[PDB]
Each structure stands twice: as structure tokens, then as C-alpha cells.
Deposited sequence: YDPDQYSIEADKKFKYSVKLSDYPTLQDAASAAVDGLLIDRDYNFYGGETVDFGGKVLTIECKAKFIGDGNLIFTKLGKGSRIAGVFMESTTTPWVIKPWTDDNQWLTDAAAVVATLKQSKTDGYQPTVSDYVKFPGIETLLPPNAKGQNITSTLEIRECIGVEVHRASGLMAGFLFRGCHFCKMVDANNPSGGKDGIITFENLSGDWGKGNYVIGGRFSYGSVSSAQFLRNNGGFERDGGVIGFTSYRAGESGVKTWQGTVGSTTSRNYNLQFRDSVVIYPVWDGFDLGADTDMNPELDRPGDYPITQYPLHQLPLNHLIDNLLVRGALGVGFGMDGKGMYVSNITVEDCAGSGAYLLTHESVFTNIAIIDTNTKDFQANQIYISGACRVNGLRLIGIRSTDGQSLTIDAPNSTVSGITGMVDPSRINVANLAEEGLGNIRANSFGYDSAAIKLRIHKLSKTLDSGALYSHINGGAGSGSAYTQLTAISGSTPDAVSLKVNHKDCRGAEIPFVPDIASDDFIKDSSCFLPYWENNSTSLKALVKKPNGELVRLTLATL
């Protein structure tokens, strides 16, 4: 029977039969079932002997610190893992029962409680976020470092599916072609919830966060260090949700970490949602002179050819910035940012194109100077501004087209704004006695319109009559001077004349006349510039 049984049954060992995880790992052939809670000590390392295993978790891994998995064969899968710390730390919860953010350090300190979730352990970044909190926090709430972390080290082709936990963290160190799939809402600890760190060895490649949701945590939900997906953009974050990150939803590290670069290139950031991060929705910058990376002489600060594939992202409720990045030669599309306390978008980009961007009700707490900032020479095609709620857009070197929304024109600063390809136009006016097409030369005034074409009702609704007027600003008084057609249904043109003797230089073109007033004779004269360019003054109207 043994011979037969050996050939007809699925192989799997279960933790309940062993004293240690390493013993179970050593006995494993195909499957490994975690069927009893396991308390691990920080730094406990398991060697899987290069075996391609299917680890099914139906119990918890309990401990503060890292449980290190090494030598898992390519194709190994871990499903249902649940990390939980032994320590219950002091956490702050910077939001109210009405989901309003608390910005006052004293109000935030008052939220302190011991819990493994529904808040996060304060870190030094909170000292910046809630000014003065550093001196108000009790010593037992400062410098905590609790995280129950599953560390997969130097493995290739290992996937973690439906992971969860309390004060949990997942770290892929020196890995490639690894994925964090369908995370079942782990509640984060002190460190990043899902981190792909490749500071040693080759640049990380093929590392992804696919689907799932992540909550809380003291720092960023998902983070990458020294990863390069190559031209194929093999790596990144797709289809994920981040809720209430202590720092940002997604963060590609910037600057030097250790003696090398922590920057990232060629990754995808698509079809994702980030809600209520304490800092930013997406922090995709690379610069904060670049050991291990491109020299500043080759690519200036904030001008690295990051080449990320960025599309279809939604950010809502950030206490910081909705979407931030730097880099040169980027193409970004379909970004929607709503209800953010700081800038909806903070772009330190150059020679980049932004298509179909919607920044709705951001910088609601005046944390920044504008709702959207772009430093370099970029192109914006389709920009929706203003929802239902300091410049709105400050992109001094950018050319923009297609802004929609109830924007205050005086709060727009761009290099060039144009609608070169509209067809025949109709201006439809609702709730007013007139329709208008205004012109504003920002060089002259950002607050006053320099001229206009209006249509005003004569009499009342249903009169079937209106008058058209062409205006010009004078003495900083909009519409000071105007020509009217059909005022009071008179069917004639009312023409403005120079109130005094017209100077020779008032007339511009040949074969034109400019009427002027000669008060001493109660006459209307006309300065005429003959077709030959010569000036002559004629009498136009008299008593």
C-alpha cells in the first residue's frame, strides 16, 4: 500500500507536526501548511533549500521583528500569510469621527492609545507634519519601532498572495520577479507595508504590487528602492488601493541610501487608488552627486529620464500632496485628484506631457502656494480645475490647452494658454441679462478684462431684441469705451468719439477716420488719414 499511497497522494507537511519552522521547511516537498500560530524571534531565518513550495497559511506568524525566508525556488507561492506583532504600541489617529483631519499637535497628541491598528506609531516625519508635536508627545510614544515583518531575501520568482496582518510589513530584499498579489488589507507597522529593496546586487526587476488593499502604517504603503523595470517597464504598482498611509500611498525613494542610489526607473503606476494619506498620494520623484546613478553633469537635479508608465490614478483626501514627481521626458495621463489639503499636483518636471488631468478642490488648507505647480517647460493638454470649493496653477514655463472649470482667471499663471482648434462657437448665457466673450491680457492686468463683446437684452425676456457692444478698458476701468449696435432697439450704431481735439498720433491706419469733439464750435470733426498716409482734419457734423 505504501508504494501506492506514495504515488497517489498530494505531498504536504504541516507546522503542527514540527517544533520549528525550519524543521517543517526541511521536511517539505510540495506543500507546506501553516496550521498553528507560530511565535518567531526577530531574525529567525528559514532555509527552504531551493525547493519550489506552495505555502498555505491558515494561522499567524507572531513576533516583533523579521521572519526571514531564504532559498525559496522560483515558482514558490505563499498564500494567506498573517503577520502580527507581540507588542501593542502607542498610536496616534490624526482624524475625527467625522473623518476631518486634525492638524493641531495638541489635538493629535490627545488621540494617543495602545492599539495594533486604527492609527500609527509617530515617527520623525510627524514632527514636520504636526509642528510642535515632538515636544508634546510623551516619551513612551516616541521612537517606537514595532513591525512584524516577513522578509523574503534574495529570491527570484516568489509570489505572496492574500497577505494580511496587524502592525505587519512585507519586505523583498535583493529579489527579482517577485509579486505581492491581492493583499488582504494588512494593517501596517512602523516600516513600509510592501517594500522592494534592491540596494545590493543588480537593480530590482520584475517586482510588482498587483491588486489588493493596504491600510495605516507609519510610512508609505508601497515603496521601491533601486528598481529598474527596463524598457519593458517590468515592475510597479497596478490595481492597488492604499488607505491612510502614515506617509504616502506609493513612494519611489529619492537620493543616496548608504553608499548607493535608491532611485527607480521604468516602472508602471497604473489603475490605482490612494485615499487619505497623511503625506502624499503618489510620491514618484527621484531627486531630493548621485553615487551609483547618473551624474549631475549628465542629468541636472529633477531631470532624470525616469520613464515611468503612469496612467489612470485616483487620489482623494491627502493631507499632503495628491500627485508628486520630478523627471524629464515623461508622459503622464488620466490622473484624477480630489479634495486634498496640500497641492493636488506638485510637478518638478521638464519637457514632459500631461494629458487629461483633473485637479478638483485641492490645497484646501493652504499648505502650498497653489493647487498645481509645474517648474519646467511642460505641455498640459486637458486640465480640469475647481470643484465646489494663492494661485490655482503656477506653471511659468508651460504651455496649456483645454482648461475646464470655474477657475478664477487671476489665479492662472502659465507661459502660454491657447485653444487653436475650436470650431464655430456659441456662448450660451444662463441666469443673466447678457452673454459675454471677454478678453484679458495678463501682461496688462491679471484681474481686469481689457475688452469684450457683449450681447445685452433690450427691454425684457421675450422682447426679441438685444444690443451688441464692443468694449475697451481705459483708466483701469473695464468697458470704459464702447461701440454699440441696436441699443434700445434703435437699429443704429452708437459710436464713441475722442472727447477733445484728437492728436495726430491717435489715428493708426491709412484710409481711416477718427471722429473728435471740437467743443468751441459744438462740432464733430474727423482726423482723416488719407489712403496716401497724409493727415487732414475735416468737419464731420455741425449745428
{"property": "Gaps in the model (deposited sequence, numbered from 1)", "result": "1-5, 294-299, 401-405"}
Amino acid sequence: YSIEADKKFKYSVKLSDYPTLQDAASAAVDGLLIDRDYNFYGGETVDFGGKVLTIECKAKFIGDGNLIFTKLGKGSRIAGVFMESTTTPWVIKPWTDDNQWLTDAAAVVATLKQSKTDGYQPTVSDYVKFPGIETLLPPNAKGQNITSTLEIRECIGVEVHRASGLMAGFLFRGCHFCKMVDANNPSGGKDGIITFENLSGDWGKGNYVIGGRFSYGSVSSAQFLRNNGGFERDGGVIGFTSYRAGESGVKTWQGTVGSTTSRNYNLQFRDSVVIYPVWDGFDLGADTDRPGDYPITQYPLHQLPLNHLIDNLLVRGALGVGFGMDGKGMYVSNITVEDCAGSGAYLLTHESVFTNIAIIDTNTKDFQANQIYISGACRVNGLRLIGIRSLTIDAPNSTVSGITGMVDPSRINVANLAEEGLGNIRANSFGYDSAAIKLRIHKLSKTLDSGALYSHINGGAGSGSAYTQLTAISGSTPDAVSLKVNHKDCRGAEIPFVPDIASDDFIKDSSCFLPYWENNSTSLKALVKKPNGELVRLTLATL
From here on, numbers count along this sequence of modelled residues.
| property | result |
| --- | --- |
| Between the two ranges 517-525 and 12-20, the one averaging a larger CA B factor in the entry | 517-525 |
| Per the entry, higher mean C-alpha B factor between 369-377 and 352-360 | 369-377 |
| Residue with maximal Cα B-factor (values as given in the PDB entry) among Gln144, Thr288, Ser455, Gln303 | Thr288 |
| Residue with highest C-alpha B-factor in the PDB entry, from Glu197, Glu151, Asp293, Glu159 | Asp293 |
| B-factor third for the C-alpha atom of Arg384 within its chain | lowest |
| CA B-factor ranking of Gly132, expressed as a third of its chain | highest |
| Chain third (lowest, middle, highest) by recorded CA B-factor, residue given as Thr103 | highest |
| Modelled-residue ranking by C-alpha temperature factor, third containing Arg244 | lowest |
| B-factor third for the C-alpha atom of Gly188 within its chain | lowest |
